[PDB]
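# can you look at this? It's an experimental structure, sequence on top.
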Amino acid sequence: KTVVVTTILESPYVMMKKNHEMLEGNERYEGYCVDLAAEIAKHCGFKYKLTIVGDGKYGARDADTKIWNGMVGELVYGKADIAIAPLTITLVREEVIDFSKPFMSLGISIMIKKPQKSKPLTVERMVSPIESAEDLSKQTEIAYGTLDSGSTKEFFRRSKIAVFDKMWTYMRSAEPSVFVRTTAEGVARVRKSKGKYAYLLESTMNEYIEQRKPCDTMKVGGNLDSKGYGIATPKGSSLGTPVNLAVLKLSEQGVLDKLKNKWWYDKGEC
Amino acid sequence: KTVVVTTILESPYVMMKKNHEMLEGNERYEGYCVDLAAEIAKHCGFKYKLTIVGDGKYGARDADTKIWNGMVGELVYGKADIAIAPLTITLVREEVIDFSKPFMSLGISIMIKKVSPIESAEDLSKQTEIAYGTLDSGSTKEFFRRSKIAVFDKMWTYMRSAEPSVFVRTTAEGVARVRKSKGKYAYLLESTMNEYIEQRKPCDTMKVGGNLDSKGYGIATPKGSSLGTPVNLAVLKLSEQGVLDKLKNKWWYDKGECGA
Amino acid sequence: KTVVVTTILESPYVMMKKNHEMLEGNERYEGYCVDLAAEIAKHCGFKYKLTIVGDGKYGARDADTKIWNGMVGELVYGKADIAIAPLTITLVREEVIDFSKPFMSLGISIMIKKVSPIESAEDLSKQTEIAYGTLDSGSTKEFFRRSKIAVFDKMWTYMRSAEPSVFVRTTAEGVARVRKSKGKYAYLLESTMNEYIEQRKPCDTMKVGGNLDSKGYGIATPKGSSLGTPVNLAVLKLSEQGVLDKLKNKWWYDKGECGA
Amino acid sequence: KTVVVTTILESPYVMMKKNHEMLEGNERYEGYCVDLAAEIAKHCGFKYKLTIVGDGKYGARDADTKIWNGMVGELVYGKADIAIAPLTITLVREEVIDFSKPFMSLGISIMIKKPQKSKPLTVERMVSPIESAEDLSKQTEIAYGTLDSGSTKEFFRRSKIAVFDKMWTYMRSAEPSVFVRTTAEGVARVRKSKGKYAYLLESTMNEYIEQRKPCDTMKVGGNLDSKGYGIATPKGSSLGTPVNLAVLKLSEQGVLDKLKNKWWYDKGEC
Ligand SMILES: NS(=O)(=O)c1cc2c(cc1Cl)N[C@H]([C@H]1C[C@H]3C=C[C@@H]1C3)NS2(=O)=O
Ligand SMILES: NS(=O)(=O)c1cc2c(cc1Cl)N[C@H]([C@H]1C[C@H]3C=C[C@@H]1C3)NS2(=O)=O
Ligand SMILES: NS(=O)(=O)c1cc2c(cc1Cl)N[C@H]([C@H]1C[C@H]3C=C[C@@H]1C3)NS2(=O)=O
Ligand SMILES: NS(=O)(=O)c1cc2c(cc1Cl)N[C@H]([C@H]1C[C@H]3C=C[C@@H]1C3)NS2(=O)=O
Ligand SMILES: N[C@@H](CCC(=O)O)C(=O)O
Ligand SMILES: N[C@@H](CCC(=O)O)C(=O)O
Ligand SMILES: N[C@@H](CCC(=O)O)C(=O)O
Ligand SMILES: N[C@@H](CCC(=O)O)C(=O)O
């Protein structure tokens, strides 16, 4: 009996092949997450089928309806068996599912449109109107928004730090809506907003987007926090311990570092 | 019921307070791990007594004896209830004890005396004139011993077959040996201890190259214990609300006794 | 008995003189390989007639039919007696024909139109904006096809799954395609032809990086023939006497019609 | 039936371990040639034993007796079965033994004691009293010699090029004798002669010696010719085709280049 692997279309984790039209099965997808699933299968023997979540969401719990959507909702209600996807370990998620030891470290960063070079001996330098989250909160001419129904939005919602509280107070009562439905939508808003918008996303996707063409976006300031991505399984399932030791073994062998290097920096340009 | 806590003397995590001669209980200890234990006890709701491991070892299994030592031996043999200390999460420990979610990122770092001729680990392996060592019975020696990569294989062959013995008994001994070798000996340890040492006096060592890999410290509980989920959820909450970051900043950067 | 020699029209090895319209026999050919054939015939003591391969292919086996073409096909099927031409010594060819000792060292090189951004082969593979090809039915293509190295595997996947067809029919076609690509196309070919091209007009291409591997050209003789030992000993004698070095200097460096 | 592999104690081809006293068998020796022998055995299965020649010579036919001494002598007479050692392909050697395809290209070079840097804006530049073989032959204050009973000595003896002829005419009649019994003896002569001696040796050994400490020797000019190293086998023996095919497979797979890189350039002491 094969298990269901639920994923989310996000680069470079789960991308779509340019020649996927006539391909059927797990061979249509490629990226970091498919390689991680292959290595997990190699360590502990099992057959898997890759599925993309229906709603295209990472997972969130409704305030009143009190149900989980996205991959978390898929795992809790039994529609899937394991989620090999960039799912962030959070306090609320751990109370409903089981998270393995993180296979990648990350943080909350800022994405802004890369500013024009400063002409004024004859050296060329770059200036940025945003240098950190504090000065981002202090100003008003540059708006900022996050990805809806994600770990970052919930972190900003429950944050008790004064600067993050101010940022959340702005975001929750901003017209027009500053949130986006997908990471690609947020990046597109950044690129088309002539520098009048800043995107708060995970540092891994931030670096990935910065490295590729048209290389017109850059990351400013340090990581707002330190989190990770875990492989999630439903509470009490028998697939938790095997994938835990699988992740540990992959970390010890150095396969994870090689995968990060070959999917993130090896394909860079600009 | 008071919960016994095993911990090791390793600055800045645990330090012997200056007035510990007139102090008793857990009031004679200070550091990052003391505050972490206090927060864990406050969240879970248990009373704890901080006891230092008898031997200054972290944990390993002797070949052809299969006996655990250090704090891991304290945990598996029932002599200790929880290990709130910089215990690196490894495969050989996950099969014996329960590790919580990581609370501190770290990696393998190279320390030398104050051009950086060595810089890279690969270039370090390409050189024989300068010597390098590691702490015995730790996650570093076991990582180098069982690493199947060519560079790490060469490094482990170097360290195992070396005279005089290049490993050090304690991390402080390793840093002293680096200091008093006139730049002929290098020490490999976790990046956190490296940063803490290089930010302190006499500020005569640096950190070169980069982290060889990435690991994390975790709160350790005996396999099947009842404190696993409470401490794991406590660690997640503490990281979520930023207590861990503030503790690290207080015990690592807040002093900075050097020009930087 | 006149010995039939199969050879290919590749400069500077074999050229069609300047007035081949008024010449008959072997007097209408000139080049390094013509001189080498003359020396081999003089040493062994046989009369030879130089015949050009009908199809401008060096030789390869075709999948699902296992039929040899080019000069190797001309040799395994009895149509030719010897192949005095720049035929790279390879594994697949050695299983069906007798190769003499190498008489000219060579390697696989990269050439782009006139610091070059391409640098080495690893950067050339990593950088996708520039396109790289290879002459079809040649040892370089067969080298990349069965190569198990990661960089060469990526390169072979690129060239195989490329639109339009990045391969070229002849070496001159590849050189012209690089020249007229405005710096968008890179040609992979043997070191000797690359140097000969880059030391000639219009002197607008340069060889970059290093050699991906080291190989050699050999005199090809049908398996189990009576000419293999005499030609191998002749090659050894010619190399010892410095005739091969003299011929290479005459046909490669003696002209130098460019600024260098 | 185990065949015997004959080698010559030459670095970095066949070297003695620092703990060979307590070791017995094919584990005492190490270097490039032992790895080549291991790979040849792996590709075509056979058991082998490593032996060092008693006379410590590569091979040379004696005048007025027409007998071969050294590795070629012990392979021709049948006392050995295969010579996996840096044996140069020569015309005289190929007429008595079957010699495989070359596994490494080499050339005759010149090694002199590295000269002191010139003091005289403030840049330091090195000057050498020898720049090629021509000005080496023309002068008379710097002596030069070659390994006795080797391929280079026979190349110089039978050479018809005018400069090489003059060099051999000097070498064959010169007191005291300029030839050396071993390559290490020639290197020691170069280092102890304070620069009044030059040594002619293979380019591979020359580069290896230059890259080791104390690196007081350097190579001048360029290679006088192009030659190779092959795996020797007695004439009309059953091992010729297997080892030829094996060395071809090793060359195509890229093992030879990696071995050369790991034994020659990896161990750099200057
Ligand atoms: N360099 S990286 O961000 O791709 C990265 C990050 C991490 C890795 C491995 C890599 Cl390659 N493994 C660790 C794991 C190893 C053991 C210690 C912590 C977890 C369990 N988690 S991590 O610290 O989140
Ligand atoms: N900045 S730091 O090294 O003190 C640090 C490091 C880490 C923190 C929190 C902090 Cl403050 N939390 C993560 C944990 C939180 C949740 C997400 C990953 C694990 C589970 N581990 S970590 O990535 O090792
Ligand atoms: N200088 S060159 O490229 O024209 C060149 C190249 C080579 C030459 C001779 C010359 Cl002149 N001889 C060798 C052969 C001679 C004997 C030693 C190795 C093979 C057998 N092959 S080679 O190393 O490919
Ligand atoms: N780079 S090197 O000198 O170590 C070197 C030299 C040579 C290699 C391989 C290497 Cl790695 N293979 C060739 C062989 C391959 C095929 C073509 C010529 C012989 C048969 N001989 S070589 O040209 O003498
Ligand atoms: N990676 C986050 C969502 C992306 C984001 O919030 O930027 C998660 O898995 O919840
Ligand atoms: N803190 C590490 C030991 C440090 C080291 O590896 O040197 C451990 O518990 O494994
Ligand atoms: N001369 C080569 C072909 C050149 C190439 O590989 O491009 C051969 O005979 O194999
Ligand atoms: N390398 C030569 C001998 C050494 C020399 O001539 O310098 C050979 O194998 O014959």
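On my side now, so go ahead. Residues are numbered from 1 along each chain as shown, chains lettered A, B, ... in the order given. Ligands and ions are numbered 1, 2, ... in the order given.

# do a quick rundown of the strands in the stretch 1-150 of chain A.
Secondary structure of the stretch 1-150 of chain A, counting by DSSP state E, counting those that start in this stretch: strands at A:3-7, A:15-16, A:29-30, A:48-52, A:97-99, A:104-106, A:108-113, A:117-118, A:125-126, A:143-145.

# and chain A, which residues reach chain C?
Applying CB under 8 Å from any CB of the partner chain, we find that chain A lies next to chain C at A:19, A:266-267, A:269. C-beta: built from backbone N, CA, C; applies to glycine.

# go through the residues you listed and name the one nearest ligand 8.
residue A:266 (42.2 Å; CB to the nearest ligand atom).

# mind giving me the packing neighbours of the longest helix along chain A?
Secondary structure of chain A read by DSSP state H shows that its longest helix is helix A:240-253. Contacting helix A:240-253 under the criterion 3 or more CB pairs under 8 Å, 6 or more residues apart in numbering or on different chains; DSSP states H and E are the following elements: helix A:32-43, helix B:91-94.

# so is the shortest one next to ligand 6?
Yep, that's helix B:91-94 we're talking about. No: Helix B:91-94 lies out of reach of ligand 6 by CB under 6 Å from any ligand atom, never closer than 8.3 Å.

# for ligand 1, tell me whether that helix is touching it.
No: shown here: helix B:91-94 not in contact with ligand 1 (CB under 6 Å from any ligand atom), separated by at least 8.2 Å.

# export that helix as CSV, just CAs?
Provided in CSV are the C-alpha atoms of helix B:91-94 (Å, rounded to 0.1, in the frame of the first residue of the first chain):
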residue,chain,number,x,y,z
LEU,B,91,22.2,9.8,14.6
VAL,B,92,24.0,7.6,17.2
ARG,B,93,22.2,9.6,20.0
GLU,B,94,18.8,9.7,18.4
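
# neighbouring contacts of that helix?
With CB atoms under 8 Å, 6 or more residues apart in numbering or on different chains as the test, helix B:91-94 has contacts from A:244-245, A:248-249, A:252, B:59, B:61, B:72, B:87, B:99, B:142, B:220.

# would TSV of the strands of the stretch 1-150 of chain A with mean neighbour count be doable?
Shown next, in TSV, are these (neighbours: other CB atoms under 10 Å in any protein chain shown):
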stretch	mean neighbour count
strand A:3-7	20
strand A:15-16	15
strand A:29-30	18
strand A:48-52	15
strand A:97-99	22
strand A:104-106	19
strand A:108-113	23
strand A:117-118	10
strand A:125-126	9
strand A:143-145	20
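
# tell me which of those sits nearest to ligand 4.
Of those, nearest to ligand 4 by CB to the nearest ligand atom is strand A:29-30, at 34.3 Å.

# so how far is the closest one from its chain's centroid?
17 Å (CA atoms, centre = their mean, to the nearest Å).

# same thing with stretch A:176-185?
14 Å.

# that one near ligand 5 anywhere?
No: with CB under 6 Å from any ligand atom as the criterion, ligand 5 is not reached by stretch A:176-185; the gap is at least 6.5 Å.

# how about stretch A:140-147?
Yes: using CB under 6 Å from any ligand atom, stretch A:140-147 reaches ligand 5 at residue A:147.

# quick one: distance of that stretch to the chain centre.
18 Å.

# ok, stretch A:210-226 next?
13 Å.

# near ligand 2 at all, that stretch?
Yes: using CB under 6 Å from any ligand atom, we find that stretch A:210-226 touches ligand 2 at residue A:226.

# got the buried residues for that stretch?
A:210, A:217-221, A:223-226 (16 or more other CB atoms under 10 Å in any protein chain shown).

# what's around residue A:179, how many residues?
Look at residue A:179: counted by other CB atoms under 10 Å in any protein chain shown, it has 16 neighbours.

# what's the nearest residue to it if we skip its chain neighbours?
Excluding the flanking residues, the one nearest residue A:179 by CB to CB, 6 or more residues apart in numbering or on different chains is residue A:148, at 4.4 Å.

# and for the one you found, the neighbour number?
Burial measure for residue A:148: 17 neighbouring residues, criterion other CB under 10 Å.

# got it, and residue A:182?
15.

# and what of residue A:253?
17.

# then residue A:139?
Residue A:139: 11 neighbours (other CB under 10 Å).

# residue A:161 and chain C, how far apart?
Computed as CB to the nearest CB, to the nearest Å, the residue A:161 to chain C distance reads 41 Å.

# list phi and psi for that residue.
Dihedral pair for residue A:161: phi -80, psi 140, per degrees, to the nearest 10.

# what do you get for residue A:127?
Torsion angles, degrees, to the nearest 10, at residue A:127: phi -120, psi 150.

# tell me how far stretch A:64-81 lies from the chain's centre.
So, by CA atoms, centre = their mean, the centroid of stretch A:64-81 is 18 Å from its chain's centroid.

# repeat that for stretch A:222-241.
13 Å.

# go on, stretch A:36-50?
Worked out by CA atoms, centre = their mean, stretch A:36-50 lies 22 Å from the chain centre.

# what comes up buried for it?
Neighbour-count burial for stretch A:36-50 flags A:36-37, A:39-41, A:43, A:46, A:48, A:50 (criterion: 16+ other CB under 10 Å).

# need the max-distance pair from those.
The two members of those with the most space between them (CB to CB) are A:43 and A:50, at 17.6 Å.

# count residues in the vicinity of whatever residue of the stretch 1-150 of chain A ends up closest to chain D, would you?
Nearest residue of the stretch 1-150 of chain A to chain D: residue A:121, at 24.0 Å (CB to the nearest CB). By other CB under 10 Å, 2 other residues sit near residue A:121.

# so how far is ligand 5 from it?
Residue A:121 sits 42 Å away from ligand 5, taking CB to the nearest ligand atom, to the nearest Å as the criterion.

# any idea how far chain B is from that residue?
28 Å.

# check residue A:127 too.
Using CB to the nearest CB, one gets 25 Å for the distance from residue A:127 to chain B.

# for beta bridges, what are the partners of the closest residue to residue A:111 other than its chain neighbours?
In space, and not counting its chain neighbours, residue A:111 is closest to residue A:199: 3.9 Å by CB to CB, 6+ apart. Counting by DSSP bridges, residue A:199 is bridged to residue A:111, residue A:145.

# ok, residue A:199 to chain C distance?
For residue A:199, the distance to chain C - CB to the nearest CB - is 26 Å.

# beta partners for the residue in the stretch 151-270 of chain A that ligand 2 sits nearest to?
Relative to ligand 2, the nearest point of the stretch 151-270 of chain A is residue A:228 (3.3 Å; CB to the nearest ligand atom). Taking DSSP bridges as the rule, residue A:228 bridges to residue A:105.

# give me the neighbour count for it.
22.

# please apply the same query to residue A:151.
Neighbour count for residue A:151, taken as other CB under 10 Å: 24.

# nearest to ligand 4: which residue in the stretch 1-150 of chain A?
Closest point on the stretch 1-150 of chain A to ligand 4, by CB to the nearest ligand atom, is residue A:35, at 32.3 Å.

# residues near that residue, how many?
Quick note: residue A:35 (other CB under 10 Å) scores 17 neighbours.

# how much space separates it from ligand 5?
18 Å.

# cool, and residue A:79?
Residue A:79 is 18 Å from ligand 5, by CB to the nearest ligand atom.

# what does residue A:250 give?
Residue A:250 is 20 Å from ligand 5, where distance means CB to the nearest ligand atom.

# buried residues in the longest helix of chain A?
For helix A:240-253, by 16+ other CB under 10 Å, it's A:240, A:242-253.

# what about that helix, near ligand 2?
No: Helix A:240-253 lies out of reach of ligand 2 by CB under 6 Å from any ligand atom, never closer than 12.4 Å.

# tell me the angle of that helix relative to helix A:32-43?
100 degrees (axes from the mean of the first three to the mean of the last three CA atoms, to 10 degrees).
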